[PDB]
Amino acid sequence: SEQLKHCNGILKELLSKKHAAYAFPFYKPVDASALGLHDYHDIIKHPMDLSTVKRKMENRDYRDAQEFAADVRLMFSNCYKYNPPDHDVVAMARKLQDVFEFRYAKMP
């Protein structure tokens, strides 16, 4: 419970206005068709995004902090796998992952 509240706080921070300049690509599931990324679902077999993490937290799906962290990290991994490493979206993922990792490390 306490560890999951820490996770929920992190989630709320990742969704907050403070980080929006680099968090916004991760707010919703990638709409591959809409973006013309017709290879997305051949490369990324387990899509993840912050709205899905939020649904899982609200539904009490996550049983521990490790499960939560694995999904947030999956989201970043998908970005690093799909996009060339010099693309702006990758720089955004790295910055948001920094925010996540530093606060996650302050695990009660």
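Start at 1 and count along the sequence shown; that's the residue number.
Higher mean CA B-factor, judged across 14 to 22 and 96 to 104 from the recorded values: 14 to 22. Higher average CA B factor: 79 to 87, of the stretches 38 to 46 and 79 to 87. Looking at the C-alpha B-factors along this chain, the one for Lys56 belongs to the middle third.
Ranked within its chain, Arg63 lands in the highest third, by CA B factor from the PDB record.
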